[PDB]
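Participant: Chains as they are written, first to last, in the UniProt record's numbering: chain R, 2 to 93; chain S, 1 to 47; chain L, 2 to 286; chain E, 2 to 120. Heads up, the beta-carbon is just placed ideally off N, CA and C, and yes, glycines get one too.
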Amino acid sequence: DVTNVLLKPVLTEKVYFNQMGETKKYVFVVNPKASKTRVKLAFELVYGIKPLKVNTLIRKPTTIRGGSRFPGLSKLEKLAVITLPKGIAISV
Amino acid sequence: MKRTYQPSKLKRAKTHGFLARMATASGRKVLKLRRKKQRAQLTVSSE
Amino acid sequence: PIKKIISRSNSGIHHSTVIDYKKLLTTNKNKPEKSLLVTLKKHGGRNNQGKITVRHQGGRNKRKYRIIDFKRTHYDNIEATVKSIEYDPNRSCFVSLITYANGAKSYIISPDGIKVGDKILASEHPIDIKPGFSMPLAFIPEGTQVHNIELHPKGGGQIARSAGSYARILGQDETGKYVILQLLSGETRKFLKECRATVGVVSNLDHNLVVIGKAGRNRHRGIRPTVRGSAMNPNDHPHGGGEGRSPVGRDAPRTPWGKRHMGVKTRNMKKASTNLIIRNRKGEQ
Amino acid sequence: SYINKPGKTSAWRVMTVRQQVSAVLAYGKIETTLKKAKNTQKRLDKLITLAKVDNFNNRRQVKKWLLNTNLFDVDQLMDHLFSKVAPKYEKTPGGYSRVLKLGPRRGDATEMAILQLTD
RNA sequence: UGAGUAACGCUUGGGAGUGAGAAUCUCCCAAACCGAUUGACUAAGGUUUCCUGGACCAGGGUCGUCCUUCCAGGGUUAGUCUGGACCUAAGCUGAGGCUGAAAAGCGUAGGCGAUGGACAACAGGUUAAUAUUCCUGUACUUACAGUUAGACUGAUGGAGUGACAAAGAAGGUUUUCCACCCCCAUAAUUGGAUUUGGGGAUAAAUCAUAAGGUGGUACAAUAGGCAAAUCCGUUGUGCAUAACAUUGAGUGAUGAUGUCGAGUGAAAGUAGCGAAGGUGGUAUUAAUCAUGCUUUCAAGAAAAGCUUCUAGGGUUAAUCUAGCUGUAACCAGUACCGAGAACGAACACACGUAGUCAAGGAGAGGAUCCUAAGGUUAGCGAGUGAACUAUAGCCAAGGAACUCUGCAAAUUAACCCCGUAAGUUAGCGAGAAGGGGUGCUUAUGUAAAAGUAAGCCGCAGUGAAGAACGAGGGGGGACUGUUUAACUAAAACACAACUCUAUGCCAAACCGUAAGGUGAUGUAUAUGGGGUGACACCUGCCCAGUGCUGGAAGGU
RNA sequence: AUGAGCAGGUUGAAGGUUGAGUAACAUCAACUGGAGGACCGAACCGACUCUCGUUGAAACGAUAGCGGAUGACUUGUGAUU
């Protein structure tokens, strides 16, 4: 835990749909430079509470701005979704 | 009914990949002249 | 012994024959060992660089070369018993299973006249002269059958070790060495009288009367069908060139290379080994 | 020519005519082209003339010129027809329908015509 | 410019609605379709094309209110699966070293490199996207540190195993199928009705049974496996009844108080609801047994890895098993298209490309028609029925007269019943040639049925679909075979074989200049080179010149 | 080097087992046998005539058929020349 990998949480449509349920699946955007164990224990250290289960994927770099004179590329970032025991909820 | 070009990224990684590309000094002089010719694209990693 | 093959096909006939495989051979279903079998790789008629060096090679199935005691001096003075005679597709002759009494196995090349269950001794001392024995060349009377002779001291028998091969003894030389021996194919030379050999003549007289019968069997042996020399263009082959079924029109033609091969012996004579030869399949020296 | 559309073939024409007469019996008004309306008028007049007697045999033949839609069933259609609509036109000789040609279709400037029916 | 011009890139219609504006946008009804695919899984690939809302600048064979088009937002979850942390085969790199003007090449120790070996999770669920990946149920697995319970474990080296061809046939097992039965909806109005149609599943995993299958088993030592051995192996004694070692379908209980289940069902055909949830079989079928057995020769991978012997050591224990507890299982990967409206395609080019499932009826078949689930209108349409073009249906008679031409084009192929000549090198010919008949109903049929008899219809019964046209003779080639991308598919090539020559190991020859290597991980019954090229009889003459070799005297 | 696959109907060779039989043979008869650079015939491999067409859908396709269709097997993955 270098205290520089956990950037921010995200809030989207599917994120809202998963959070209105009891999944307790808090979602965050991070640098993909850390492993699943590394990210889960980093969250533990930065919050003092061990997470239940962590799933990880990446935001695939896609072309941005579509077809124009100056096309670009979307950034790469790891999306980490964590589960928690139903009895507790964390404060963001 | 199949043209001469068959796309496959892994075989490309072995063929035109940099780590395999260090097989002969000809490749370094060619890429050196490419750099002198200001080619923005020099590798498959930078498409 | 060979047996004619009933073609049984509706497209012509076949003029091939087949080895007995039933009376002179046991356990046709291949159930060999593990330790001394190593896959004999085929180069496909190519060098170690991948360039072309040999013509019409390739098409055989997988074959395992058998680790065979060619020197026959690895273990000596120990009695053994022949256990079986097994086919060797990797060589002209067929291998044989013998068991040493110390608790070790052995694979040799066996001559004719041997069956399953015979006692064989390997030693560096004058022992039985009947074929198959391994015994130095200092204790055999002349005018006998012997094969698998090496020329180097402890070099391993590699000459006249094909099916139906042997050598003759024609006296010694006044040097304590250079025993005169009639080589195979009519040659005659002088080798060391202290080397090792396998007495008798090699078995499987059949190869002089074997007919492949079909092109496909020839491919499966390894010798792929190949194009004649005259069939190419004049830029590629000397025989090749000209149209209208033109025969050769020059005296003593060359190879595809610049080499003339007819009527000329391809060897160097300046070696001292040349002066150690007795006959050249034609006459003295 | 080689492989192409089937085009105007007698089978396609008769199936289209049967489907259109089924539709006009279902709804009572259909918009088609005059080049189809011309022969569908004869076909429908023959259908009306064929089964005004309202017998079982009449249903037996007319079960071979009707199709189905998304609003009613063929059984309901034939029942209602034989009950009240089929014998309606037994008063005047012919002229049971009119094809009034409307504006051309926007797609290819092809003529459109609506069909109405009364004695 | 040609010119408003050929084509409009393999296929519909209707209703209603949205939209100012409709064949082209949407919802649905039909039709004819792919259906050993117009279906699904799906390696690999392109990579956001995937999904929602707005819109149609540009692209879409008219148009496009739309598109998979653009804009904004959203989308891919892995202790158990695929590729890493285990491993290698071809092959590749390669400490050093060798060769080699440099350069560079060779290649040692080594290290990489699955289409593979070992190898721990299945089902159901919902979504606008995926979910051996998110949730529930049910489980299993590995090391970790302590633990008590049992014990001396045995590797770095060795050995067994891993570890393997192809082809063929029959056995066991659930299966498929059939009838019966249960359950579900279910009495028809147009003549007769005194109904038809559908369904009848449950697993991972644990325990026991394991049908069956393979190959010695117990005892004593040895001179072999750098060292050593109890392990492998050698020779001996006992029994060969199978003792013995060994695996194994499927079966029974959980699992399964459950899901599920056609259907029923509130503005969605959705929540909810939901009946039955089996009997004997097989003379048809697939796979477990099955690295099974046998047969044929073309003789049929290694490494990792499990057991494992001594080594090595252990002892107030090294090591290791069982149980319990706690910890944790990291890497890339997951969208769809996916033999293609997403790959190659110069394209929304009528095309084709890894593997897998793969219906029914007729038939042996998966040959051919139809339809099953699913999916579909191949992004120009509407017309009329001129010439001519493209394809077909029809053609009588002469019936190859056409033309170099049976090029092109018509009976012919399925079923069974007969029967088939010469030649033959006894393989074939031969499905020769040449013919008979094939439908239904009634009875009989046997294991199903073929088959027979009686009757009947038509002009005729592979009733529409799919099925060979021959004989006689010649030239060559025996034949099965390779063919010039795409002008030309063979009497040319190849070919078994015959023949000659050369090659005795640092082999001859071959690759470079060279190490070195092929040759060859070969050993004259083998290989190379030259000629001919089923089978049989032979291949006559001259070494004139030339060539090749040998040679000894002798002029150069 | 490592592999995938080649439906269905098939045909029914030698070997061998046995018997008659012969002094031994030989010969014949019954049987297992599933082999055949074996058949029809598929998926498949490729095209032999004509045809459409040759600013074509086509910088070589499609069709009427066609030769092969257990073997000189089609072909894949990676590498080599």
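Taking the alpha carbon of residue 1 of chain E as the point to measure from, which residue in E:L68, E:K53 and E:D46 has its own alpha carbon closest?
Facilitator: With chain E running from 2 to 120 in the structure shown, residue 1 of chain E is simply not present.
Participant: Pick out whichever of L:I86, L:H240, L:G177 and L:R197 has its Cα sitting closest to the Cα of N205 of chain L.
Facilitator: Nearest C-alpha to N205 of chain L: L:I86.
Participant: Tell me which same chain residues have a C-beta within less than 6 Å of the C-beta of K14 of chain S, skipping the five on either side of it?
Facilitator: Within the same chain, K14 of chain S has close Cβ partners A20.
Participant: Decide if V39 of chain L is buried, meaning its Cβ has at least 16 other Cβ atoms within 10 Å, or exposed.
Facilitator: Exposed: under 16 other Cβ atoms inside 10 Å.
Participant: So, are the CB atoms of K215 of chain L and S17 of chain L less than 8 Å apart?
Facilitator: The answer is yes: Cβ separation under 8 Å.
Participant: For the candidate residues L:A164, L:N209, L:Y22 and L:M233, whose alpha-carbon lies nearest to that of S111 of chain L?
Facilitator: When each option's Cα is compared against that of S111 of chain L, the closest is L:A164.
Participant: Since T199 of chain L and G144 of chain L are thought to touch, with beta carbons under 8 Å apart, how far apart are those beta carbons, to the nearest angstrom?
Facilitator: About 17 Å separates the two Cβ atoms, so there is no contact after all.
Participant: Name the DSSP beta bridge partners of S97 of chain L, please?
Facilitator: According to DSSP, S97 of chain L bridges with L:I86 and L:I109.
Participant: Closer than 8 Å is the cut-off here; do at least three beta carbon pairs connect the stretch 178 to 190 of chain L with the stretch 90 to 110 of chain L?
Facilitator: Too few Cβ pairs lie closer than 8 Å, so no.
Participant: What whole-angstrom Cβ distance do residue 137 of chain E and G29 of chain E have, given they're in contact under 8 Å?
Facilitator: Any question about residue 137 of chain E goes unanswered here, given that chain E covers just 2 to 120.
Participant: Three-state secondary structure (DSSP) at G144 of chain L?
Facilitator: Three-state result, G144 of chain L: coil.
Participant: Considering only their Cβ atoms, is the gap separating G187 of chain L from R261 of chain L smaller than 8 Å?
Facilitator: No, they are not a contact pair.
Participant: State the CB to CB distance for the pair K51 of chain R and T84 of chain R, rounded to an integer number of angstroms; the pair is presumed to be in contact (CB under 8 Å).
Facilitator: Their Cβ separation, rounded to whole angstroms, is 12 Å, which puts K51 of chain R and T84 of chain R out of contact at 8 Å.
Participant: Of all the options R:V47, R:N32, R:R70 and R:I91, which has the alpha carbon lying nearest to the alpha carbon of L80 of chain R?
Facilitator: Nearest option by C-alpha distance: R:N32.
Participant: Which stretch, first to last residue, makes up the beta strand (DSSP E) that contains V30 of chain R?
Facilitator: Run containing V30 of chain R: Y27 to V31, per the beta strand (DSSP E) assignment.
Participant: Considering only their Cβ atoms, is the gap separating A114 of chain E from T34 of chain E smaller than 8 Å?
Facilitator: Cβ atoms of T34 of chain E and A114 of chain E: closer than 8 Å.
Participant: Below 8 Å on the Cβ atoms is my guess for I68 of chain L versus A81 of chain L; work out the distance and round it to an integer in Å.
Facilitator: Not quite, the Cβ-Cβ distance comes to about 17 Å (not below 8 Å), so this is no contact.
Participant: Out of L:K272, L:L122, L:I278 and L:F134, point me to the one whose CA is closest to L171 of chain L's CA.
Facilitator: Comparing Cα positions, the closest option is L:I278.
Participant: Sort out for me which residues DSSP pairs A24 of chain E with in a bridge.
Facilitator: None, per the DSSP bridge assignment.
Participant: Secondary structure at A161 of chain L, three-state DSSP: helix, strand or coil?
Facilitator: Coil.
Participant: Taking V15 of chain E as the reference, give the member of E:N56, E:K65 and E:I49 with the closest Cα.
Facilitator: When only C-alpha atoms are compared, the closest one is E:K65.
Participant: Which term fits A139 of chain L, buried or exposed, when burial requires 16 or more other beta carbons within 10 angstroms of its beta carbon?
Facilitator: So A139 of chain L ends up on the exposed side.
Participant: Evaluate the contact criterion for the stretch 60 to 68 of chain R versus the stretch 7 to 19 of chain R: three or more CB pairs, one atom per stretch, below 8 Å.
Facilitator: No, the stretch 60 to 68 of chain R is not in contact with the stretch 7 to 19 of chain R.
Participant: Can you tell me the Cα-Cα spacing of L185 of chain L and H208 of chain L, whole angstroms?
Facilitator: Approximately 16 Å between the Cα atoms of the pair.
Participant: On the three-state DSSP scale, how would you describe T33 of chain E?
Facilitator: It is a strand residue.
Participant: Do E78 of chain R and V3 of chain R have their C-beta atoms closer together than 8 Å?
Facilitator: Against a cut-off of 8 Å, the Cβ pair of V3 of chain R and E78 of chain R comes out as no contact.
Participant: Which stretch, first to last residue, makes up the alpha helix (DSSP H) that contains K42 of chain L?
Facilitator: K42 of chain L -> no alpha helix (DSSP H), and no H or E assigned at all.
Participant: Per DSSP, what kind of secondary structure is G27 of chain S in: helix, strand or coil?
Facilitator: It is helical.
Participant: When the distance is taken between beta carbons, is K53 of chain E closer than 8 Å to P94 of chain E?
Facilitator: No.
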